[PDB]
Every structure is written in C-alpha cells, then in structure tokens.
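Chemist: Attaching a single structure in structure tokens format; questions to follow.
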Amino acid sequence: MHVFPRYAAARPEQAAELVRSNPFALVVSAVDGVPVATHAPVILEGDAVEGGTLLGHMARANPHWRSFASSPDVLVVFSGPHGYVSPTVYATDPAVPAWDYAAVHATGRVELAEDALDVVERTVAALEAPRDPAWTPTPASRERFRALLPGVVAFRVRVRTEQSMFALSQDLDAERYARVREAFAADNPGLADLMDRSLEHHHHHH
Amino acid sequence: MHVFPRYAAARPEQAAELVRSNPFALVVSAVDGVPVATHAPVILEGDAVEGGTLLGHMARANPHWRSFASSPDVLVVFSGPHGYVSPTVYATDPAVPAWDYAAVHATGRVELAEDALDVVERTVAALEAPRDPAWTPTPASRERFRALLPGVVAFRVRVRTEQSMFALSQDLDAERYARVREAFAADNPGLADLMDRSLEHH
Ligand code: HEM
Ligand code: HEM
Ligand SMILES: N[C@@H](CCCNO)C(=O)O
C-alpha cells in the first residue's frame, strides 16, 4: 500500500481506532509468489497497531494456516467505510471520479497461538462490546466452545509495520467537500461519520 | 480462501454478479515473500470470472505495480456486503457468533497495460452505469484525463482460478434464518438484499 501524503493519518490513534472498529479482516500470506487470503475476525492487543499484536482464528479445515508454521510475514488488511465519489456530486467541470475509503495494513510475523480458547473468547468479548446488550456466553455456550475447539486454528501476528490510508476527500475545496459529505450522509452514514471524525485534526502542511 | 461446500456459489453467474457489483477491490502480489496490497477499482471483461480478464489502475507513485513487470500471479479480492451475526439475534442457547459475508477471490497472471487511457475510461463507464443520472466525461474532463496519464499505471489480470464464498446463513433452520434476515433488514439492507438474491440461485 502506498500512503499518499494528503491521505495520511494525523495520529496513530486513528489507525488503532479503525482496526478495533472493523475486526473482520483479510489475512494474507504468500507461498511461492501466490497470495492466499482468508477472511477472519482479528483483534488488536495493545494501544498502537505498529509494535502491537493481532489475534485471530480460522478453520483448521482451511489449509491456509499450514503456511504459518514457518512463521513467515503476513499482511492483515483492516477496511473501514468506503464509497464511490461520482463527479455528478462535484457539479464542476473538468472533474475526475474518486473512491473514498479508509484502511489499515498491518505487516508482521505470524505464529500459531497456543491458547485458541482465549483467542476466540477474547474475540467474542471485543465484537460484543460495542453492542447493547452485549451477549455474554453462558456455561452451555462455553461448553460448546470447548467442544468446537479442535476445529479451530488460532494465530498471533506481531506487527512490524503499519500503513494507514484515510482517502476522505480532504484535498477537495471546502465547497466540493461539503457536497461529497452531504451526499454520503444519505445511505452511507458510516462514511460521513468517518469523514467528520477524520477532519478534526488533519495533517495538512505537515 | 477455503470455500466450505455449504457456502459455495450456486451458479457461476453469482460470482460474476458480485465482482461487477463491487468493483473497489484489493489487488495483492508477493514482493520478497511479503504480501503487498492496493485498493483499486477493477472491472471484469467477459461473462465469467474464471477465464475472464480483470482491468484496473493504480498510481505510478505506488511502487506496487513494479512487481507486475515480471507478470507474476496476482490475487484480486472482491468483497460484497457483510455483517456480524450476534447470538443475541439467534435467541438460542447454546450459541456461537458468526460473520456473514460474500467474496470472490480471482488469481491469475498480471500484465502491465499500454492502453491506460482505455482502462480508466472503461472504468468510468462501468462505475457510472448504475447511477441515474450517469456522468459522461466532457471534452475538458477527457483532456484532464490525458494530462493525468503520466501519473497512472494500468494493468490486466487473466484469471486462472476463482474461489467464491457466499456465507449467508443459508445453513440455518427456517426460524433462525428469519431472525438473521430480519436483523439485517435494519441498518445492513445491502446484506439483506444479498441474502434474498442468494436464495434459490443467482
Ligand atoms: C466472536 C465472533 C466470531 C466470529 C466473527 C467468527 C468467525 C469465523 C470465521 C469467518 C471462520 C472461517 C475462517 C476460515 O474461512 O477459515 C471461523 C471458523 C471457525 N471458528 Fe469462529 N468466529 C467467532 C467466534 C468463535 C468461537 C467462540 C468459537 C469457539 C471455539 C469459534 C470456532 C470456530 C470454528 C470451529 C471454526 C471452523 C468452522 C468450520 O470448520 O466450519 N469461533 N470463525
Ligand atoms: C472511474 C473511477 C475511478 C476511480 C474509482 C479511481 C480510483 C483511484 C484510486 C483508488 C487510486 C489510488 C491507487 C493507489 O493506491 O495506487 C487512483 C489513482 C490514480 N488514478 Fe484513478 N480512479 C478513477 C478514474 C480515473 C481516471 C479517469 C483517471 C484519468 C487518467 C485516473 C487517474 C489516476 C491517477 C493519475 C492516479 C494517481 C494519483 C496520485 O498519484 O496522486 N483515475 N485512482
Ligand atoms: N491526481 C488525480 C487523482 C484522481 C484519479 N483517481 O481517482 C487528482 O488530481 O485528483
């Protein structure tokens, strides 16, 4: 991923916030030049993404993890809200379309986790935390977890590099920016909310 | 991606529909053993993903495309609607959470494209077609495209292999499926539409 200056994060807290808010990630490995990717829930351990640890799990039946065992470098992509920006919204000429989006790419060494149960239970807690009410597993569900555990492979990623993109129309003029934000306000409110949060302190001439 | 048989596409048209509906894709290649990925609009030429050709572009300033000069294998991930399934909506015990989603993974040999203006103009037409009204580039805008061409790199992927996941609760019993479909109707209607379209076929 190439982070254009105009779309860089202002603060590392932005990268961590996006990761926590969007835990259904893409786990990617490379084997003899061929990328293979699994969609999996991945959670963040620590205050920052770089130097932090990611925890996730996939199916034991998914052969992807058998390339982890040598501890190669993996990439985990976290994706936030996104949306196509039509030049119709700009109401200007000349114009060029854009796609607004935010993502965090975490690269590091993967290893198999010893405590798969801890990983899936910590995943439950994190994914339910923002909900009301938060589902807490019952003894019977916990018994079911332990019975399902043979089918799980859990893994850790020690993040060596974090790259973050916040392509959120910050390079438009104020009038065009307002038009884009209003257009996303209907039917993509998650992206308009991200636009608002991201503008607060923005890097700029920095 | 490992596609559990219960979550396989019913038809190949199902995969091609997802790719066409979700052109903002993830382009992945390997560089010294590390996966490197770029978010880019990618369109499909052909009726089917497997054996079709994907076309996309990225910045020349993004060093990722230099890995394409040797025509390695590239993975393009198309992502559809998706959503967390909380056991709260299941209203059962014991329960385990899930994440419902649909995605197409297309892998094949990449080739840098000389016809970069062709690729970006075909991308405009494809991404504007579902809009009413659609934006047609004016002469001024097409001149601006030409002015921008030195800074863009276009590429083609000839898809060798396609894997498609449609994990949309269709393995649930009628009662629990209805609660999941009802839950997504509110605040994830794109997923709700995708569950409807997935049922029966297509
Ligand atoms: C907290 C929310 C959770 C989500 C969103 C989630 C999601 C997923 C996903 C997407 C996969 C497929 C990975 C792949 O394609 O290889 C998977 C596999 C699996 N996970 Fe979870 N999981 C969660 C919690 C749990 C818990 C608590 C357990 C209890 C042990 C568990 C056990 C499993 C098992 C057994 C599989 C393999 C299933 C199979 O082979 O069909 N998961 N999970
Ligand atoms: C059709 C809708 C379009 C979308 C959704 C779109 C999206 C994008 C994206 C996401 C990137 C960044 C790629 C990266 O990370 O490397 C990009 C780069 C770029 N695209 Fe497009 N694009 C569109 C049309 C066009 C057109 C018509 C042109 C005309 C030549 C063009 C020229 C460029 C250029 C020059 C860059 C590099 C920008 C820079 O270095 O700052 N794009 N585009
Ligand atoms: N350099 C172009 C980038 C937009 C093309 N892809 O969205 C601009 O002037 O905004």
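Each chain in the structure tokens gets a letter, A, B, ..., in the order shown, and its residues are numbered from 1; ligands are numbered from 1 in order too.
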With only C-alpha atoms considered, list every residue of chain B at most 6 Å from chain A, as a count of residues only.

Modeler: 15

Chemist: Could you give me the residues within 8 Å of ligand 2, counting only C-alpha atoms and all ligand atoms, as a PDB file with N, CA, C and O atoms, in the first residue's frame?

Modeler:
```
ATOM      1  N   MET A   1       0.855  -1.182   0.000  1.00  0.00           N
ATOM      2  CA  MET A   1       0.000   0.000   0.000  1.00  0.00           C
ATOM      3  C   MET A   1       0.891   1.231   0.000  1.00  0.00           C
ATOM      4  O   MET A   1       1.924   1.268   0.665  1.00  0.00           O
ATOM      5  N   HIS A   2       0.519   2.215  -0.802  1.00  0.00           N
ATOM      6  CA  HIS A   2       1.242   3.474  -0.878  1.00  0.00           C
ATOM      7  C   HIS A   2       0.373   4.533  -0.216  1.00  0.00           C
ATOM      8  O   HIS A   2      -0.782   4.722  -0.612  1.00  0.00           O
ATOM      9  N   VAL A   3       0.907   5.204   0.793  1.00  0.00           N
ATOM     10  CA  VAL A   3       0.140   6.194   1.545  1.00  0.00           C
ATOM     11  C   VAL A   3       0.471   7.561   0.948  1.00  0.00           C
ATOM     12  O   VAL A   3       1.569   8.091   1.135  1.00  0.00           O
ATOM     13  N   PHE A   4      -0.460   8.112   0.180  1.00  0.00           N
ATOM     14  CA  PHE A   4      -0.271   9.452  -0.343  1.00  0.00           C
ATOM     15  C   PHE A   4      -0.258  10.435   0.822  1.00  0.00           C
ATOM     16  O   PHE A   4      -1.076  10.300   1.737  1.00  0.00           O
ATOM     17  N   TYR A  84     -17.822   5.094  -3.625  1.00  0.00           N
ATOM     18  CA  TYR A  84     -17.539   5.779  -4.884  1.00  0.00           C
ATOM     19  C   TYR A  84     -18.001   7.230  -4.821  1.00  0.00           C
ATOM     20  O   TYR A  84     -19.109   7.515  -4.358  1.00  0.00           O
ATOM     21  N   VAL A  85     -17.146   8.144  -5.309  1.00  0.00           N
ATOM     22  CA  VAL A  85     -17.439   9.572  -5.409  1.00  0.00           C
ATOM     23  C   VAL A  85     -17.635   9.898  -6.886  1.00  0.00           C
ATOM     24  O   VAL A  85     -16.663  10.035  -7.642  1.00  0.00           O
ATOM     25  N   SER A  86     -18.893  10.046  -7.301  1.00  0.00           N
ATOM     26  CA  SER A  86     -19.213  10.438  -8.671  1.00  0.00           C
ATOM     27  C   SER A  86     -18.960  11.931  -8.892  1.00  0.00           C
ATOM     28  O   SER A  86     -19.316  12.756  -8.044  1.00  0.00           O
ATOM     29  N   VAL A  96     -12.853  14.415 -12.203  1.00  0.00           N
ATOM     30  CA  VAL A  96     -12.367  13.038 -12.265  1.00  0.00           C
ATOM     31  C   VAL A  96     -12.991  12.307 -11.083  1.00  0.00           C
ATOM     32  O   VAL A  96     -13.058  12.889  -9.988  1.00  0.00           O
ATOM     33  N   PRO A  97     -13.465  11.065 -11.235  1.00  0.00           N
ATOM     34  CA  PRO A  97     -14.062  10.367 -10.092  1.00  0.00           C
ATOM     35  C   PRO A  97     -13.002   9.983  -9.068  1.00  0.00           C
ATOM     36  O   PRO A  97     -11.792  10.033  -9.314  1.00  0.00           O
ATOM     37  N   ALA A  98     -13.488   9.582  -7.896  1.00  0.00           N
ATOM     38  CA  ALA A  98     -12.634   9.093  -6.828  1.00  0.00           C
ATOM     39  C   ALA A  98     -13.377   7.983  -6.099  1.00  0.00           C
ATOM     40  O   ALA A  98     -14.585   7.793  -6.277  1.00  0.00           O
ATOM     41  N   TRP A  99     -12.641   7.243  -5.275  1.00  0.00           N
ATOM     42  CA  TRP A  99     -13.231   6.304  -4.328  1.00  0.00           C
ATOM     43  C   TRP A  99     -12.690   6.666  -2.954  1.00  0.00           C
ATOM     44  O   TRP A  99     -11.480   6.600  -2.731  1.00  0.00           O
ATOM     45  N   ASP A 100     -13.569   7.087  -2.054  1.00  0.00           N
ATOM     46  CA  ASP A 100     -13.182   7.410  -0.681  1.00  0.00           C
ATOM     47  C   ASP A 100     -13.188   6.166   0.194  1.00  0.00           C
ATOM     48  O   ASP A 100     -14.082   5.329   0.088  1.00  0.00           O
TER      49      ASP A 100
ATOM     50  N   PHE B  24     -14.604  -1.980  -6.254  1.00  0.00           N
ATOM     51  CA  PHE B  24     -13.496  -1.462  -5.451  1.00  0.00           C
ATOM     52  C   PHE B  24     -12.820  -2.629  -4.752  1.00  0.00           C
ATOM     53  O   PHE B  24     -13.252  -3.059  -3.682  1.00  0.00           O
ATOM     54  N   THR B  38      -3.045  -3.194  -2.721  1.00  0.00           N
ATOM     55  CA  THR B  38      -3.523  -1.869  -3.092  1.00  0.00           C
ATOM     56  C   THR B  38      -5.023  -1.936  -3.311  1.00  0.00           C
ATOM     57  O   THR B  38      -5.512  -2.874  -3.942  1.00  0.00           O
ATOM     58  N   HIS B  39      -5.746  -0.931  -2.801  1.00  0.00           N
ATOM     59  CA  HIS B  39      -7.182  -0.816  -3.026  1.00  0.00           C
ATOM     60  C   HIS B  39      -7.384  -0.060  -4.332  1.00  0.00           C
ATOM     61  O   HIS B  39      -6.888   1.059  -4.474  1.00  0.00           O
ATOM     62  N   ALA B  40      -8.084  -0.671  -5.285  1.00  0.00           N
ATOM     63  CA  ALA B  40      -8.205  -0.075  -6.608  1.00  0.00           C
ATOM     64  C   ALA B  40      -9.480  -0.548  -7.283  1.00  0.00           C
ATOM     65  O   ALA B  40      -9.970  -1.654  -7.000  1.00  0.00           O
ATOM     66  N   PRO B  41     -10.055   0.280  -8.155  1.00  0.00           N
ATOM     67  CA  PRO B  41     -11.236  -0.134  -8.910  1.00  0.00           C
ATOM     68  C   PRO B  41     -10.818  -1.112  -9.999  1.00  0.00           C
ATOM     69  O   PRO B  41      -9.880  -0.856 -10.758  1.00  0.00           O
ATOM     70  N   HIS B  57      -6.386   0.082 -12.392  1.00  0.00           N
ATOM     71  CA  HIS B  57      -5.295   1.043 -12.449  1.00  0.00           C
ATOM     72  C   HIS B  57      -4.874   1.385 -11.028  1.00  0.00           C
ATOM     73  O   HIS B  57      -5.617   1.155 -10.067  1.00  0.00           O
ATOM     74  N   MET B  58      -3.654   1.905 -10.894  1.00  0.00           N
ATOM     75  CA  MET B  58      -3.231   2.495  -9.640  1.00  0.00           C
ATOM     76  C   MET B  58      -2.272   3.639  -9.953  1.00  0.00           C
ATOM     77  O   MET B  58      -1.974   3.946 -11.119  1.00  0.00           O
ATOM     78  N   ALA B  59      -1.788   4.278  -8.898  1.00  0.00           N
ATOM     79  CA  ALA B  59      -0.852   5.386  -9.086  1.00  0.00           C
ATOM     80  C   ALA B  59       0.488   4.871  -9.585  1.00  0.00           C
ATOM     81  O   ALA B  59       0.984   3.847  -9.122  1.00  0.00           O
ATOM     82  N   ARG B  60       1.108   5.614 -10.509  1.00  0.00           N
ATOM     83  CA  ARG B  60       2.506   5.326 -10.814  1.00  0.00           C
ATOM     84  C   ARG B  60       3.390   5.558  -9.593  1.00  0.00           C
ATOM     85  O   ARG B  60       4.455   4.936  -9.463  1.00  0.00           O
ATOM     86  N   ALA B  61       2.962   6.442  -8.683  1.00  0.00           N
ATOM     87  CA  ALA B  61       3.741   6.741  -7.487  1.00  0.00           C
ATOM     88  C   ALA B  61       3.677   5.620  -6.462  1.00  0.00           C
ATOM     89  O   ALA B  61       4.491   5.607  -5.525  1.00  0.00           O
ATOM     90  N   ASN B  62       2.711   4.694  -6.606  1.00  0.00           N
ATOM     91  CA  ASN B  62       2.566   3.496  -5.803  1.00  0.00           C
ATOM     92  C   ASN B  62       3.523   2.446  -6.363  1.00  0.00           C
ATOM     93  O   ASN B  62       3.324   1.973  -7.485  1.00  0.00           O
ATOM     94  N   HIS B  64       3.855  -0.543  -6.113  1.00  0.00           N
ATOM     95  CA  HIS B  64       3.325  -1.911  -6.193  1.00  0.00           C
ATOM     96  C   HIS B  64       3.337  -2.446  -7.619  1.00  0.00           C
ATOM     97  O   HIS B  64       3.630  -3.631  -7.852  1.00  0.00           O
ATOM     98  N   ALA B 116      -3.583   2.570 -21.110  1.00  0.00           N
ATOM     99  CA  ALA B 116      -4.061   3.034 -19.804  1.00  0.00           C
ATOM    100  C   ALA B 116      -5.256   3.976 -19.922  1.00  0.00           C
ATOM    101  O   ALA B 116      -6.144   3.959 -19.062  1.00  0.00           O
ATOM    102  N   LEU B 117      -5.300   4.804 -20.964  1.00  0.00           N
ATOM    103  CA  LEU B 117      -6.448   5.690 -21.135  1.00  0.00           C
ATOM    104  C   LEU B 117      -7.709   4.873 -21.391  1.00  0.00           C
ATOM    105  O   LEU B 117      -8.768   5.159 -20.824  1.00  0.00           O
ATOM    106  N   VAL B 120      -8.952   3.468 -17.913  1.00  0.00           N
ATOM    107  CA  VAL B 120      -9.639   4.377 -16.998  1.00  0.00           C
ATOM    108  C   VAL B 120     -10.973   4.831 -17.579  1.00  0.00           C
ATOM    109  O   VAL B 120     -11.945   5.013 -16.832  1.00  0.00           O
ATOM    110  N   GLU B 121     -11.068   4.991 -18.902  1.00  0.00           N
ATOM    111  CA  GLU B 121     -12.330   5.425 -19.494  1.00  0.00           C
ATOM    112  C   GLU B 121     -13.378   4.318 -19.439  1.00  0.00           C
ATOM    113  O   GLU B 121     -14.570   4.590 -19.254  1.00  0.00           O
ATOM    114  N   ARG B 122     -12.953   3.064 -19.612  1.00  0.00           N
ATOM    115  CA  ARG B 122     -13.875   1.949 -19.441  1.00  0.00           C
ATOM    116  C   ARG B 122     -14.310   1.804 -17.992  1.00  0.00           C
ATOM    117  O   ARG B 122     -15.448   1.390 -17.725  1.00  0.00           O
ATOM    118  N   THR B 123     -13.427   2.154 -17.055  1.00  0.00           N
ATOM    119  CA  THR B 123     -13.770   2.147 -15.632  1.00  0.00           C
ATOM    120  C   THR B 123     -14.804   3.220 -15.295  1.00  0.00           C
ATOM    121  O   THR B 123     -15.732   2.973 -14.520  1.00  0.00           O
ATOM    122  N   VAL B 124     -14.664   4.422 -15.856  1.00  0.00           N
ATOM    123  CA  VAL B 124     -15.694   5.442 -15.642  1.00  0.00           C
ATOM    124  C   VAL B 124     -17.050   4.929 -16.115  1.00  0.00           C
ATOM    125  O   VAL B 124     -18.054   5.021 -15.400  1.00  0.00           O
ATOM    126  N   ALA B 125     -17.101   4.389 -17.339  1.00  0.00           N
ATOM    127  CA  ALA B 125     -18.378   3.967 -17.897  1.00  0.00           C
ATOM    128  C   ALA B 125     -19.010   2.877 -17.045  1.00  0.00           C
ATOM    129  O   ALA B 125     -20.228   2.863 -16.849  1.00  0.00           O
ATOM    130  N   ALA B 126     -18.189   1.969 -16.516  1.00  0.00           N
ATOM    131  CA  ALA B 126     -18.719   0.856 -15.730  1.00  0.00           C
ATOM    132  C   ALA B 126     -19.243   1.338 -14.385  1.00  0.00           C
ATOM    133  O   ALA B 126     -20.338   0.957 -13.958  1.00  0.00           O
ATOM    134  N   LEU B 127     -18.480   2.186 -13.704  1.00  0.00           N
ATOM    135  CA  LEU B 127     -18.891   2.644 -12.384  1.00  0.00           C
ATOM    136  C   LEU B 127     -19.991   3.704 -12.444  1.00  0.00           C
ATOM    137  O   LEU B 127     -20.707   3.896 -11.456  1.00  0.00           O
ATOM    138  N   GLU B 128     -20.168   4.379 -13.577  1.00  0.00           N
ATOM    139  CA  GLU B 128     -21.260   5.344 -13.691  1.00  0.00           C
ATOM    140  C   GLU B 128     -22.569   4.729 -14.197  1.00  0.00           C
ATOM    141  O   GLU B 128     -23.644   5.297 -13.965  1.00  0.00           O
ATOM    142  N   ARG B 142     -11.978  14.783 -20.365  1.00  0.00           N
ATOM    143  CA  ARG B 142     -11.123  13.856 -21.096  1.00  0.00           C
ATOM    144  C   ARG B 142      -9.751  14.457 -21.382  1.00  0.00           C
ATOM    145  O   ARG B 142      -8.756  13.727 -21.441  1.00  0.00           O
ATOM    146  N   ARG B 144      -8.314  16.484 -19.199  1.00  0.00           N
ATOM    147  CA  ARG B 144      -7.690  16.325 -17.888  1.00  0.00           C
ATOM    148  C   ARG B 144      -7.196  14.893 -17.687  1.00  0.00           C
ATOM    149  O   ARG B 144      -6.108  14.681 -17.135  1.00  0.00           O
ATOM    150  N   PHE B 145      -7.968  13.899 -18.155  1.00  0.00           N
ATOM    151  CA  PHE B 145      -7.506  12.503 -18.124  1.00  0.00           C
ATOM    152  C   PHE B 145      -6.149  12.361 -18.805  1.00  0.00           C
ATOM    153  O   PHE B 145      -5.222  11.756 -18.251  1.00  0.00           O
ATOM    154  N   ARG B 146      -6.034  12.885 -20.032  1.00  0.00           N
ATOM    155  CA  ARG B 146      -4.766  12.835 -20.756  1.00  0.00           C
ATOM    156  C   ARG B 146      -3.655  13.511 -19.963  1.00  0.00           C
ATOM    157  O   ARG B 146      -2.538  12.990 -19.880  1.00  0.00           O
ATOM    158  N   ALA B 147      -3.949  14.664 -19.359  1.00  0.00           N
ATOM    159  CA  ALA B 147      -2.952  15.355 -18.543  1.00  0.00           C
ATOM    160  C   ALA B 147      -2.508  14.513 -17.344  1.00  0.00           C
ATOM    161  O   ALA B 147      -1.368  14.638 -16.873  1.00  0.00           O
ATOM    162  N   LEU B 148      -3.394  13.669 -16.827  1.00  0.00           N
ATOM    163  CA  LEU B 148      -3.087  12.822 -15.681  1.00  0.00           C
ATOM    164  C   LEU B 148      -2.381  11.519 -16.049  1.00  0.00           C
ATOM    165  O   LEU B 148      -1.778  10.900 -15.165  1.00  0.00           O
ATOM    166  N   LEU B 149      -2.459  11.089 -17.312  1.00  0.00           N
ATOM    167  CA  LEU B 149      -1.931   9.783 -17.711  1.00  0.00           C
ATOM    168  C   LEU B 149      -0.495   9.494 -17.302  1.00  0.00           C
ATOM    169  O   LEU B 149      -0.202   8.320 -17.017  1.00  0.00           O
ATOM    170  N   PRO B 150       0.447  10.444 -17.324  1.00  0.00           N
ATOM    171  CA  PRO B 150       1.804  10.103 -16.871  1.00  0.00           C
ATOM    172  C   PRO B 150       1.852   9.561 -15.459  1.00  0.00           C
ATOM    173  O   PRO B 150       2.738   8.751 -15.158  1.00  0.00           O
ATOM    174  N   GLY B 151       0.911   9.945 -14.597  1.00  0.00           N
ATOM    175  CA  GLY B 151       0.880   9.505 -13.216  1.00  0.00           C
ATOM    176  C   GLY B 151       0.069   8.259 -12.915  1.00  0.00           C
ATOM    177  O   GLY B 151      -0.135   7.942 -11.736  1.00  0.00           O
ATOM    178  N   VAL B 152      -0.414   7.545 -13.930  1.00  0.00           N
ATOM    179  CA  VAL B 152      -1.241   6.354 -13.714  1.00  0.00           C
ATOM    180  C   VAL B 152      -0.559   5.149 -14.353  1.00  0.00           C
ATOM    181  O   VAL B 152       0.200   5.283 -15.318  1.00  0.00           O
ATOM    182  N   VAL B 153      -0.802   3.961 -13.781  1.00  0.00           N
ATOM    183  CA  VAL B 153      -0.361   2.693 -14.364  1.00  0.00           C
ATOM    184  C   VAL B 153      -1.572   1.766 -14.432  1.00  0.00           C
ATOM    185  O   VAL B 153      -2.292   1.604 -13.437  1.00  0.00           O
TER     186      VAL B 153
END
```

Chemist: Which residues are close to residue 8 (chain B), i.e. within 8 Å by only C-alpha atoms, leaving aside same-chain residues fewer than 2 positions away? Reply as an NGL selection string.

Modeler: :B and (3-6 or 10 or 164-166)

Chemist: Identify, with DSSP run on backbone atoms, the residues in region 9-201 of chain B assigned to helix (DSSP H, G or I), and express the list as a short mmCIF file (atom, residue, chain, number, x, y, z; two decimals) with C-alpha atoms, in the first residue's frame.

Modeler:
```cif
data_model
loop_
_atom_site.label_atom_id
_atom_site.label_comp_id
_atom_site.auth_asym_id
_atom_site.auth_seq_id
_atom_site.Cartn_x
_atom_site.Cartn_y
_atom_site.Cartn_z
CA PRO B 12 -21.02 -19.01 -11.79
CA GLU B 13 -23.22 -16.03 -12.60
CA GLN B 14 -23.36 -15.45 -8.84
CA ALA B 15 -19.61 -14.81 -8.69
CA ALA B 16 -19.62 -12.57 -11.77
CA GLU B 17 -22.52 -10.55 -10.32
CA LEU B 18 -20.58 -9.94 -7.10
CA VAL B 19 -17.47 -8.81 -9.00
CA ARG B 20 -19.49 -6.45 -11.21
CA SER B 21 -21.40 -5.01 -8.23
CA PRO B 63 5.60 1.18 -6.22
CA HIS B 64 3.32 -1.91 -6.19
CA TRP B 65 2.92 -2.05 -9.97
CA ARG B 66 6.67 -2.56 -10.46
CA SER B 67 6.14 -6.09 -9.17
CA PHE B 68 3.83 -6.65 -12.18
CA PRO B 87 -26.01 -14.78 19.18
CA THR B 88 -28.45 -12.20 20.55
CA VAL B 89 -30.36 -12.35 17.27
CA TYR B 90 -30.28 -16.16 17.37
CA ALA B 116 -4.06 3.03 -19.80
CA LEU B 117 -6.45 5.69 -21.13
CA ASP B 118 -8.69 2.88 -22.42
CA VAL B 119 -8.73 1.26 -18.97
CA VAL B 120 -9.64 4.38 -17.00
CA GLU B 121 -12.33 5.42 -19.49
CA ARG B 122 -13.88 1.95 -19.44
CA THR B 123 -13.77 2.15 -15.63
CA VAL B 124 -15.69 5.44 -15.64
CA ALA B 125 -18.38 3.97 -17.90
CA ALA B 126 -18.72 0.86 -15.73
CA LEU B 127 -18.89 2.64 -12.38
CA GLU B 128 -21.26 5.34 -13.69
CA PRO B 139 -14.00 17.11 -23.58
CA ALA B 140 -12.48 19.18 -20.76
CA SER B 141 -12.56 16.17 -18.43
CA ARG B 142 -11.12 13.86 -21.10
CA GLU B 143 -8.35 16.39 -21.65
CA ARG B 144 -7.69 16.33 -17.89
CA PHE B 145 -7.51 12.50 -18.12
CA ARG B 146 -4.77 12.84 -20.76
CA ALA B 147 -2.95 15.35 -18.54
CA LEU B 148 -3.09 12.82 -15.68
CA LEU B 149 -1.93 9.78 -17.71
CA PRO B 150 1.80 10.10 -16.87
CA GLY B 151 0.88 9.51 -13.22
CA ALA B 174 -36.06 -21.54 9.00
CA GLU B 175 -36.68 -19.92 12.40
CA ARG B 176 -33.11 -18.72 13.00
CA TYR B 177 -32.63 -17.72 9.35
CA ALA B 178 -35.66 -15.42 9.58
CA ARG B 179 -34.30 -13.67 12.68
CA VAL B 180 -30.95 -13.08 10.96
CA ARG B 181 -32.61 -11.79 7.78
CA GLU B 182 -34.88 -9.52 9.83
CA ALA B 183 -31.95 -8.17 11.86
CA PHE B 184 -30.00 -7.19 8.73
CA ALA B 185 -33.07 -5.56 7.16
CA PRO B 189 -30.06 -3.70 3.89
CA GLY B 190 -27.31 -4.40 1.36
CA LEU B 191 -26.60 -7.68 3.14
CA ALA B 192 -30.34 -8.33 3.42
CA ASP B 193 -30.68 -7.81 -0.34
CA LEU B 194 -27.72 -10.15 -0.92
CA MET B 195 -29.30 -12.87 1.23
CA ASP B 196 -32.51 -12.55 -0.81
CA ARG B 197 -30.65 -12.63 -4.14
CA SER B 198 -28.63 -15.64 -2.96
#
```

Chemist: If we count only C-alpha atoms, what is near region 175-178 of chain A at a cut-off of 10 Å, once residues fewer than 6 positions away on the same chain are taken out, given as a count of residues only?

Modeler: 7

Chemist: Identify, on the basis of only C-alpha atoms, every residue whose closest approach to residue 110 (chain A) does not exceed 10 Å; exclude the query and any residue fewer than 5 positions from it along the same chain; express the result as number ranges by chain.

Modeler: A: 29, 53-55, 65, 67-75, 155-159

Chemist: Keeping only C-alpha atoms, take the residues you just selected and write them out as a compact mmCIF listing (two decimals), in the first residue's frame.

Modeler:
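In the end it all went to selection12.txt:
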```
# COMPACT_ATOMS: atom_id res chain seq x y z
CA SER A 29 0.16 -14.90 3.06
CA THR A 53 -0.10 -7.96 18.44
CA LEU A 54 -3.07 -9.17 16.40
CA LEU A 55 -5.07 -12.23 17.44
CA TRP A 65 -2.60 -21.91 8.36
CA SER A 67 1.91 -21.94 5.67
CA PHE A 68 2.02 -20.07 9.02
CA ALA A 69 4.07 -22.71 10.77
CA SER A 70 7.38 -21.46 9.36
CA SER A 71 6.46 -18.01 10.80
CA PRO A 72 6.50 -16.06 7.52
CA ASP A 73 5.46 -12.47 7.07
CA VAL A 74 1.72 -11.99 6.77
CA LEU A 75 -0.36 -8.94 5.88
CA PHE A 155 -2.76 -17.34 15.36
CA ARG A 156 -0.80 -14.26 16.51
CA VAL A 157 0.71 -11.51 14.35
CA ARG A 158 3.48 -9.36 15.83
CA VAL A 159 3.04 -6.19 13.76
```

Chemist: Can you tell me, as a PyMOL selection string, what residues are no more than 6 Å from residue 71 (chain B) when counting only C-alpha atoms, ignoring any on the same chain fewer than 2 positions away?

Modeler: chain B and resi 68-69+109-111

Chemist: Where in chain A does DSSP assign strand (DSSP E), given as an MDAnalysis selection string?

Modeler: chainID A and resid 24:31 34:45 53:59 73:85 98:112 152:167

Chemist: Could you tell me how far CA of residue 204 (chain A) lies from atom 8 (C, counted along the ligand's line) of ligand 3, in Å and to one decimal?

Modeler: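 Atom 8 (C, counted along the ligand's line) of ligand 3 lies 16.4 Å from CA of residue 204 (chain A).
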
Chemist: Name the closest residue to residue 81 (chain A) among the candidates B:98, B:133, B:81, B:29; distances are taken between atoms, counting only C-alpha atoms.

Modeler: B:81
